[PDB]
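The structure appears below as structure tokens.
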Amino acid sequence: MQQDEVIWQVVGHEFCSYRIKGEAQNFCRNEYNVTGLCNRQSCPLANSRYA
Amino acid sequence: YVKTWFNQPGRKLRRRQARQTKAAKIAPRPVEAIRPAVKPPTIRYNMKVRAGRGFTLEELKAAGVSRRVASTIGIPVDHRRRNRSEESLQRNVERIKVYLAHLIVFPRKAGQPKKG
Amino acid sequence: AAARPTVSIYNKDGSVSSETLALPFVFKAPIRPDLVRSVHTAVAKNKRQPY
Amino acid sequence: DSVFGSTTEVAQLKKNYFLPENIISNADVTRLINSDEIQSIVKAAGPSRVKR
Amino acid sequence: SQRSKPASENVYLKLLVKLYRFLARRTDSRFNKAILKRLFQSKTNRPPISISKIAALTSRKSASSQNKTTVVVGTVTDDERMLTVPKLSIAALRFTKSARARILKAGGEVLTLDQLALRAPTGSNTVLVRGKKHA
Amino acid sequence: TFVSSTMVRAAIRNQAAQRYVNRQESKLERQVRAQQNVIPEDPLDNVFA
Amino acid sequence: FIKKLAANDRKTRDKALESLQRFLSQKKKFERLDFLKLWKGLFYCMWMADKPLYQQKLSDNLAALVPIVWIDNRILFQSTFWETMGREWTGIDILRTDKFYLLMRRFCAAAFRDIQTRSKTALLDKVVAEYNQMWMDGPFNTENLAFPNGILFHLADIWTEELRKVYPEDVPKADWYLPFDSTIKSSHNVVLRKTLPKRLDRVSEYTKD
RNA sequence: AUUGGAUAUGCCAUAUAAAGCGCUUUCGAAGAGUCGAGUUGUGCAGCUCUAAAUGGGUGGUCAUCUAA
RNA sequence: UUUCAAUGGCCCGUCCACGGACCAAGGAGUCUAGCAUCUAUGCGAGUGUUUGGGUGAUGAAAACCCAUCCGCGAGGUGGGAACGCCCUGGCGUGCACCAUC
RNA sequence: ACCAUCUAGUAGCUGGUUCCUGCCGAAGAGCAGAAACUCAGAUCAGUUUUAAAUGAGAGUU
RNA sequence: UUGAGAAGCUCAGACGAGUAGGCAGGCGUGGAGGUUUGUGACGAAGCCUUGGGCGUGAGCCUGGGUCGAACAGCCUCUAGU
């Protein structure tokens, strides 16, 4: 299943391999992230319609 | 003094191998002997049926297994227990009958002296 | 609650076959990271040797 | 399906076992919030981040 | 367990809290404010309720429309001491396996608090019952 | 004037007589309820299986 | 067909649609549960539809599949669609509701077009009354509370728009709005009753039977 | 290379024997300075006395065991 | 950074006294059983697999499974959350809880 | 007298007891918080007038 | 208007001593699981440094010198921290 909101809970607040913890901001090393930042809108895993 | 159970799974394995060793020795025949069905001795448990120790001498006489040949085919004999009611007798006489139904006893070599 | 009904099956050469398996109901079970983390924390302790 | 069973039918390889039931039905909450059922009765929203 | 959020770490209860935070503030309903408040409560503050209680509470005057969905922020347990279960419609956090089977097989239907929200987003025609806190 | 101290030791046994009768009974009553409270398996499920 | 309609390959799914025309055009009575099973396959044929250009051609194809069905079970075909869509609507996710909104819009117009087609052979009021009866024990049933209101708001929004499209010139006198009036008059869910009139675009010009 | 318990087979086999279970107009032995009692020290031990044969022990007249 | 200038600046801990020559390293609420509350989790008139048995070909002290037990458990009145219908308020329904017969 | 265990003998006592920031905060039954409820349609006050003014939302198990 | 890590973003106002005592959030160390297509003989760790930087702080990052074989961030686990 692709609950897309259960996914973000699991990745957004528990563990993502793509997350760099930062003093001011988290980042993604995910290649498909548009902004390179860890947040709900720019997560490619958690947004099933992504560009 | 504290008894620590770090060998709980090492005991479990050793007992399995002792069963495996016991079979390897007498593998065509069961790893355990047969037991009677007896009723526990109290007002709290007398409605249960549990395994007993061995079959009584009245039970073996009625089934047809003499007390000498009983042990040789893995039928324990409890001389202490008795049959105060016919239910226990017929419950365990049938148990011996069923066990003998499935028994395949392999013939032994018998001395046959040449002369008379 | 709606999900992909069937799953494809592949051969040795990595080619899709025509047979499909209806998705089992376990894949619709709730995904509980907090529960899994707690049960893992305990299950991960059960082969520890004393010191 | 025999190992884990269903939420209504039992597992065959576990005694009396049923898959856990969930607290919500559809886990997409943004689908619930932004549905025509709920967006048809809500009072009209004020601004997002508001001016000073 | 507090006033601002739940102390549970379950994501699906947080998802329910996320939905009812919206209703609580984008509706005038006092039902959606109560549900959000009761979602922040602890296990002992959400005592279970039973099938027999729910049938008993929604009886006697049951000559009315009785479309009223019964809502509990808690668990609906079973009461096997009663033999015939009426036709009920209950939205609860949890149903036990035998509570859910009885409500369905002999009667109506069982909901979740998100299924209720899509049916009654303002809590209209609802009986928001509670369990006894006698411990 | 009341009973013997042995029967005081026997009153607990009289409770005990019915102790595991009732748990064995309430057990199989739970299995009876389980068979009665069974959800039919929704013949729309086996469309794909 | 049922397993093939929900395949993981669009080519496999499509070939089952073309083969479904012969299956539906049969002149034999189809049981209700047979159409329930079929629509579960057809639901996942559209559930898996990928692009908006494709998922809107598919809705046209599924709606264009109604006149193929035999006349005696054509009402059963549509009533089963609205029942298979009511129970599965809540489980749809936010990114898939807009392809099924178009699917209901295409099936609402199919109902009006089928009434138009049958109005030539037999009197219109019987055809509308038979279709209205389908709506009564379907989406617009008051006895069940499980049916979603998101669909009913959709049908209210599109009811007059699809009616105008089916009869570009002028529509006759019939009980076009009977399912809505009987619902608001007796619905047990106040949210439906209070806001259905606000969304329905009922016109008094053509409603007097 | 050392041996297990089995198997097949050969040769020997003191059987004028030894058993199991049918029956009975026949018999049926059973452990003493011990048990027990009185009194001291830590059930046991010391010291004084010292038995019985459906008896003796231990439990609730009954049941159940059969010590030295 | 060093120094100068102007200004301020009475040795630290401990309970007058007591400890302090300096530096490094070591150095003190721990583990375990019982109980009580609170929170979370699973199930829920039930609940608890791990005494043991089954089983585990990649490590096999794990994980998985479970027979028989056993534990612990086992009507009205007013106010009132919430709801419906109305023309603020009125009417109906009235959970939890508290005084009432 | 000495030596080895018991022994980590006996503690009202002595000396000591190791990172940061924030918030609340005494005493010198009462004083401080936490849950639960009931709440401007409520009661209060280290106050004053008279024989109401003014400030504060008040409480409870 | 893009400003949903809804645990985010945004508006406003008041407030700020503090021993005992209570509450919360953080910094650090040894080891564990996962993770970083992680760092490393083109130099790991450690140490030195009037070199620079960040954080209210616990502390962290870094340049240079020295050195010569291993080490770390992040998510959980644990403690002879």
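Going through the structure tokens in order, the chains are called A, B, and so on, while each chain numbers its residues from 1 and the ligands are numbered from 1 in the order shown.
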
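Contacts from chain G to chain A at a cut-off of 12 Å (only C-alpha atoms) map to residues 50, 51, 91, 92, 93, 94, 95 and 96 of chain G.
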
Export of the given selection (N, CA and C atoms) as a PDB file, in the first residue's frame:
```pdb
ATOM      1  N   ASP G  50      -3.305   5.422 -15.631  1.00  0.00           N
ATOM      2  CA  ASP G  50      -2.106   6.199 -15.338  1.00  0.00           C
ATOM      3  C   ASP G  50      -2.216   7.667 -15.750  1.00  0.00           C
ATOM      4  N   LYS G  51      -2.440   7.929 -17.011  1.00  0.00           N
ATOM      5  CA  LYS G  51      -2.340   9.338 -17.365  1.00  0.00           C
ATOM      6  C   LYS G  51      -3.720   9.972 -17.488  1.00  0.00           C
ATOM      7  N   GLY G  91     -12.108   4.675   0.695  1.00  0.00           N
ATOM      8  CA  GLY G  91     -10.756   4.159   0.590  1.00  0.00           C
ATOM      9  C   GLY G  91      -9.922   4.734  -0.528  1.00  0.00           C
ATOM     10  N   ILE G  92     -10.531   5.488  -1.442  1.00  0.00           N
ATOM     11  CA  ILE G  92      -9.778   6.177  -2.481  1.00  0.00           C
ATOM     12  C   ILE G  92      -8.925   7.260  -1.840  1.00  0.00           C
ATOM     13  N   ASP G  93      -7.738   7.490  -2.388  1.00  0.00           N
ATOM     14  CA  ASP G  93      -6.874   8.527  -1.857  1.00  0.00           C
ATOM     15  C   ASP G  93      -7.051   9.832  -2.630  1.00  0.00           C
ATOM     16  N   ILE G  94      -6.475  10.903  -2.081  1.00  0.00           N
ATOM     17  CA  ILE G  94      -6.751  12.255  -2.557  1.00  0.00           C
ATOM     18  C   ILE G  94      -6.279  12.452  -3.990  1.00  0.00           C
ATOM     19  N   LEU G  95      -5.294  11.680  -4.434  1.00  0.00           N
ATOM     20  CA  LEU G  95      -4.773  11.802  -5.785  1.00  0.00           C
ATOM     21  C   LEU G  95      -5.509  10.931  -6.791  1.00  0.00           C
ATOM     22  N   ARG G  96      -6.559  10.235  -6.373  1.00  0.00           N
ATOM     23  CA  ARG G  96      -7.330   9.387  -7.262  1.00  0.00           C
ATOM     24  C   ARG G  96      -8.804   9.749  -7.293  1.00  0.00           C
TER      25      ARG G  96
END
```

Counting only C-alpha atoms, which residues of chain F sit at most 10 Å from some atom of chain E, and what is each one's closest atom pair with its distance in Å to one decimal, listed by chain and rising residue number, as JSON lines?
```
{"residue": "F:30", "atom": "CA", "partner": "E:80", "partner_atom": "CA", "distance": 9.6}
{"residue": "F:33", "atom": "CA", "partner": "E:80", "partner_atom": "CA", "distance": 8.5}
{"residue": "F:34", "atom": "CA", "partner": "E:98", "partner_atom": "CA", "distance": 7.7}
{"residue": "F:36", "atom": "CA", "partner": "E:102", "partner_atom": "CA", "distance": 9.3}
{"residue": "F:37", "atom": "CA", "partner": "E:101", "partner_atom": "CA", "distance": 5.7}
{"residue": "F:38", "atom": "CA", "partner": "E:101", "partner_atom": "CA", "distance": 6.7}
{"residue": "F:39", "atom": "CA", "partner": "E:101", "partner_atom": "CA", "distance": 6.3}
{"residue": "F:40", "atom": "CA", "partner": "E:105", "partner_atom": "CA", "distance": 8.9}
```

List as CSV every residue of chain K that is in contact with region 31-51 of chain C, defined as an atom at most 12 Å from one of its atoms (using only C-alpha atoms (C1' of nucleotides)), together with the nearest atom pair and the distance in Å rounded to one decimal, sorted by chain and then rising number.
```
residue,atom,partner,partner_atom,distance
K:32,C1',C:44,CA,9.5
K:33,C1',C:44,CA,8.1
K:34,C1',C:37,CA,11.5
K:75,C1',C:37,CA,11.1
K:76,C1',C:37,CA,7.6
K:77,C1',C:41,CA,6.5
K:78,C1',C:45,CA,10.0
K:80,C1',C:51,CA,11.6
```

Next on the checklist: Should the cut-off be 7 Å, what would the residue list for chain C against chain F look like, counting only C-alpha atoms, as a VMD selection string?
Outcome noted: chain C and resid 5 to 6 21 to 22

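You can rank B:43, B:26, B:62, B:31 by their closest distance to residue 86 (chain B) using only C-alpha atoms, and at the top of that list sits B:62.
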
Checklist entry - Hey, what's within 10 Å of residue 54 (chain I) if we count only C-alpha atoms (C1' of nucleotides) and toss same-chain stuff fewer than 2 positions away? As a ChimeraX atom specification, please? => result /I:65-67

Checklist entry - Counting only C-alpha atoms (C1' of nucleotides), what is within 12 Å of region 2-18 of chain F, bar same-chain residues fewer than 3 positions away, as a ChimeraX atom specification? => result /B:41-48 /F:21-26 /H:60

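Excluding residue 81 (chain B) and any residue on its chain fewer than 3 positions from it, the residues at most 8 Å away by only C-alpha atoms (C1' of nucleotides) are residues 55, 56 and 78 of chain B.
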
Could you please take those selected residues and save N, CA and C atoms as a PDB file, in the first residue's frame?
```
ATOM      1  N   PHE B  55       0.105 -50.259  34.444  1.00  0.00           N
ATOM      2  CA  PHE B  55      -1.176 -50.939  34.439  1.00  0.00           C
ATOM      3  C   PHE B  55      -1.244 -51.954  35.564  1.00  0.00           C
ATOM      4  N   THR B  56      -2.443 -52.133  36.099  1.00  0.00           N
ATOM      5  CA  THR B  56      -2.626 -53.028  37.222  1.00  0.00           C
ATOM      6  C   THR B  56      -2.577 -54.478  36.763  1.00  0.00           C
ATOM      7  N   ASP B  78       2.190 -51.437  37.380  1.00  0.00           N
ATOM      8  CA  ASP B  78       2.094 -50.891  38.722  1.00  0.00           C
ATOM      9  C   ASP B  78       1.338 -51.896  39.576  1.00  0.00           C
TER      10      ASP B  78
END
```

Next on the checklist: Just list as a PyMOL selection string whatever in region 57-106 of chain G DSSP marks as helix (DSSP H, G or I).
Outcome noted: chain G and resi 57-63+71-88+97-106

Go through chain A and flag each residue having an atom no more than 10 Å from chain E; for those, report the closest pair of atoms plus their distance in Å to one decimal, using only C-alpha atoms, ordered by chain and rising number, as a Markdown table.
```
| residue | atom | partner | partner_atom | distance |
| --- | --- | --- | --- | --- |
| A:5 | CA | E:15 | CA | 8.5 |
| A:6 | CA | E:11 | CA | 7.4 |
| A:9 | CA | E:11 | CA | 6.9 |
| A:10 | CA | E:11 | CA | 8.6 |
```

Save out the residues we just selected, N, CA, C and O atoms, as a PDB file, in the first residue's frame.
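Generated file (part.pdb):
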```
ATOM      1  N   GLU A   5       0.808   9.180   3.790  1.00  0.00           N
ATOM      2  CA  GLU A   5       0.824   9.902   5.053  1.00  0.00           C
ATOM      3  C   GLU A   5       1.395   9.054   6.169  1.00  0.00           C
ATOM      4  O   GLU A   5       2.061   9.568   7.061  1.00  0.00           O
ATOM      5  N   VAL A   6       1.138   7.750   6.124  1.00  0.00           N
ATOM      6  CA  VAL A   6       1.868   6.812   6.957  1.00  0.00           C
ATOM      7  C   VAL A   6       3.331   6.782   6.557  1.00  0.00           C
ATOM      8  O   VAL A   6       4.203   6.606   7.410  1.00  0.00           O
ATOM      9  N   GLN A   9       5.169   9.807   8.166  1.00  0.00           N
ATOM     10  CA  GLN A   9       5.383   9.597   9.588  1.00  0.00           C
ATOM     11  C   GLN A   9       6.583   8.692   9.827  1.00  0.00           C
ATOM     12  O   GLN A   9       7.412   8.967  10.698  1.00  0.00           O
ATOM     13  N   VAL A  10       6.705   7.618   9.043  1.00  0.00           N
ATOM     14  CA  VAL A  10       7.801   6.669   9.209  1.00  0.00           C
ATOM     15  C   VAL A  10       9.128   7.282   8.781  1.00  0.00           C
ATOM     16  O   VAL A  10      10.156   7.070   9.427  1.00  0.00           O
TER      17      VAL A  10
END
```

Checklist entry - Taking only C-alpha atoms into account, which of A:28, A:20, A:11, A:46 comes nearest chain D? => result A:46

Can you tell me which residues surround residue 26 (chain K) at a distance of at most 12 Å, considering only C-alpha atoms (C1' of nucleotides), apart from same-chain residues fewer than 6 positions away, and format the answer as a PDB file with N, CA and C atoms (P, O5', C5', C4', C3', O3' and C1' of nucleotides), in the first residue's frame?
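Dumped everything to selection_38.pdb:
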```
ATOM      1  P     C J  19      30.998  18.499  36.727  1.00  0.00           P
ATOM      2  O5'   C J  19      29.455  18.769  36.446  1.00  0.00           O
ATOM      3  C5'   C J  19      28.707  17.948  35.561  1.00  0.00           C
ATOM      4  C4'   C J  19      28.656  18.500  34.161  1.00  0.00           C
ATOM      5  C3'   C J  19      27.625  19.583  33.884  1.00  0.00           C
ATOM      6  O3'   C J  19      28.023  20.876  34.307  1.00  0.00           O
ATOM      7  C1'   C J  19      27.532  17.967  32.177  1.00  0.00           C
ATOM      8  P     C J  20      26.939  21.897  34.903  1.00  0.00           P
ATOM      9  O5'   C J  20      26.252  22.550  33.630  1.00  0.00           O
ATOM     10  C5'   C J  20      27.000  23.233  32.640  1.00  0.00           C
ATOM     11  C4'   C J  20      26.140  23.550  31.444  1.00  0.00           C
ATOM     12  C3'   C J  20      24.878  24.339  31.726  1.00  0.00           C
ATOM     13  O3'   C J  20      25.120  25.724  31.866  1.00  0.00           O
ATOM     14  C1'   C J  20      24.364  22.535  30.302  1.00  0.00           C
ATOM     15  P     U J  21      24.278  26.586  32.919  1.00  0.00           P
ATOM     16  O5'   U J  21      22.993  27.038  32.111  1.00  0.00           O
ATOM     17  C5'   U J  21      23.097  27.727  30.875  1.00  0.00           C
ATOM     18  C4'   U J  21      21.845  27.552  30.059  1.00  0.00           C
ATOM     19  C3'   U J  21      20.544  27.925  30.741  1.00  0.00           C
ATOM     20  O3'   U J  21      20.280  29.310  30.722  1.00  0.00           O
ATOM     21  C1'   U J  21      20.301  25.835  29.703  1.00  0.00           C
ATOM     22  P     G J  22      19.453  29.987  31.909  1.00  0.00           P
ATOM     23  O5'   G J  22      17.955  29.507  31.671  1.00  0.00           O
ATOM     24  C5'   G J  22      17.270  29.822  30.471  1.00  0.00           C
ATOM     25  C4'   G J  22      16.017  28.999  30.297  1.00  0.00           C
ATOM     26  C3'   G J  22      14.952  29.161  31.362  1.00  0.00           C
ATOM     27  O3'   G J  22      14.196  30.347  31.194  1.00  0.00           O
ATOM     28  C1'   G J  22      15.212  26.871  30.821  1.00  0.00           C
TER      29        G J  22
ATOM     30  P     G K  55      26.168  31.896  16.404  1.00  0.00           P
ATOM     31  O5'   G K  55      25.811  30.844  17.525  1.00  0.00           O
ATOM     32  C5'   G K  55      24.731  29.951  17.370  1.00  0.00           C
ATOM     33  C4'   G K  55      24.671  29.013  18.532  1.00  0.00           C
ATOM     34  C3'   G K  55      24.694  29.645  19.906  1.00  0.00           C
ATOM     35  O3'   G K  55      23.488  30.278  20.276  1.00  0.00           O
ATOM     36  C1'   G K  55      26.133  27.800  19.883  1.00  0.00           C
ATOM     37  P     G K  57      27.875  30.733  24.291  1.00  0.00           P
ATOM     38  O5'   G K  57      27.880  29.438  25.212  1.00  0.00           O
ATOM     39  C5'   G K  57      28.481  29.462  26.498  1.00  0.00           C
ATOM     40  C4'   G K  57      27.820  28.488  27.437  1.00  0.00           C
ATOM     41  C3'   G K  57      28.158  27.026  27.215  1.00  0.00           C
ATOM     42  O3'   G K  57      29.357  26.646  27.859  1.00  0.00           O
ATOM     43  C1'   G K  57      25.823  27.273  27.379  1.00  0.00           C
ATOM     44  P     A K  58      30.444  25.772  27.083  1.00  0.00           P
ATOM     45  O5'   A K  58      30.188  24.307  27.622  1.00  0.00           O
ATOM     46  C5'   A K  58      29.731  24.091  28.944  1.00  0.00           C
ATOM     47  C4'   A K  58      29.013  22.780  29.043  1.00  0.00           C
ATOM     48  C3'   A K  58      29.577  21.682  28.171  1.00  0.00           C
ATOM     49  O3'   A K  58      30.640  21.014  28.825  1.00  0.00           O
ATOM     50  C1'   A K  58      27.221  21.797  27.912  1.00  0.00           C
ATOM     51  P     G K  59      31.909  20.460  28.028  1.00  0.00           P
ATOM     52  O5'   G K  59      31.291  19.626  26.829  1.00  0.00           O
ATOM     53  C5'   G K  59      31.872  19.650  25.539  1.00  0.00           C
ATOM     54  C4'   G K  59      30.827  19.941  24.498  1.00  0.00           C
ATOM     55  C3'   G K  59      31.301  19.950  23.059  1.00  0.00           C
ATOM     56  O3'   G K  59      31.386  18.657  22.495  1.00  0.00           O
ATOM     57  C1'   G K  59      30.040  21.887  23.466  1.00  0.00           C
TER      58        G K  59
END
```

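Taking CA of residue 84 (chain B) and CA of residue 50 (chain B) as endpoints, the distance between them is 17.1 Å.
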